[PDB]
Amino acid sequence: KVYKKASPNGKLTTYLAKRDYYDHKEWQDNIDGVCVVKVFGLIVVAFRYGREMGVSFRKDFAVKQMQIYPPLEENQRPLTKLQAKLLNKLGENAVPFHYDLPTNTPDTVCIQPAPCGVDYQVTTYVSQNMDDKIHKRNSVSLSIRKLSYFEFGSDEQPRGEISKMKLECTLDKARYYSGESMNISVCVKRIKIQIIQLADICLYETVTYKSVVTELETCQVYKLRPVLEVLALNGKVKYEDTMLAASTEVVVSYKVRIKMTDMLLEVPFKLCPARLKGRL
Ligand SMILES: [Cl-]
């Protein structure tokens, strides 16, 4: 793909590699696009909690901030190939920009309804100062999605033992990627298997939402799909790509809860985003 938005004024279009940029801890999908006309750029990070008689809390702040044009030789950086190819599809009045992906800011997250979440945007604008007013005509804004792809780190095999009758319950796979299924060897009337998402908002009001993803009621072994076609989301609900919002490293986490009629057992496991084939 190519990710393009033009301005309401028309006088500048911005192009982006893709829309979802993943932090890998040791390196990250930085932002290497091209601008076409001074001209400035930044990344807004939005924190919203509630909508406009409870509690509205909106907080925006600019994290990277940049003169794009003319390219100051300090911010000058290696041109990506996509940048290299785009700069040939268009004129010499096309300028390549780059932003370091902003790690040590929180992953995109969007709790549906207290509505709540974190958002990201690339914004490039004309001005005669970096802290001058950012109007709507000379601005462009493209929503991006910033996510954390943290794989390395084992301590594998979820399992919880307990004994009033003894109950050892192991789980297939220690981390699971969005889309994957869950198996649960309950090697001990009823059995209740529950995947709960915890989301702890700390956006002013400090709230803890516990939320039931999937469940069955019926040595034995049972299966569950910790997916969304079956809540903290990695995205806005209008995007059919939006999935469940993946264990933080808003704080999201997951846990299995086995109740047998009463013996009781709650077992953690990490949830990573949906495995890709476009790493670096
Ligand atoms: Cl989104």
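General observations
- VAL212 satisfies every condition listed in (1) surrounded by 12 or more Cβ atoms within 10 Å (Cβ to Cβ); (2) under 16 Å from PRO268 (Cα atoms) except (1).
- Candidate set: segment 214-238, residues that are within 18 Å of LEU147 (Cβ to Cβ) and among the aliphatic types (A, V, I, L, M); chosen: the one nearest to the chain's Cα centre (by Cα): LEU233
- Count of segment 104-127 residues, restricted to those that are within 16 Å of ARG19 (Cα to Cα) and away from the ligand (no atom under 16 Å from the Cβ), is 2.
- Checking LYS277 against (1) within 16 Å of the ligand (Cβ to nearest atom); (2) closer than 24 Å to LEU101 by Cβ, the condition it does not meet: (1)
- Failed condition for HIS98, given (1) within 19 Å of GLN65 (Cβ to Cβ); (2) within 16 Å of the ligand (Cβ to nearest atom): (2)
- When the residues of segment 60-84 are filtered to those that are surrounded by 12 or more Cβ atoms within 10 Å (Cβ to Cβ) and charged (D, E, K, R), the one that is farthest from the chain's Cα centre (by Cα) is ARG77.
- Residue in segment 128-157 that is farthest from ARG275 (Cα to Cα), counting only those that are away from the ligand (no atom under 16 Å from the Cβ) and of a type in the set (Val, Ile, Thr): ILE134
- The residue of segment 229-250 that is nearest to the ligand (Cβ to nearest atom), among those that are surrounded by fewer than 16 Cβ atoms within 10 Å (Cβ to Cβ) and not aromatic (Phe, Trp, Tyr), is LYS236.
Values in this text are rule-based calculations from the coordinates and carry no lab data. Please note: Cβ atoms are built from the backbone with ideal geometry, for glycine as well, and neighbour counts cover all protein chains shown.
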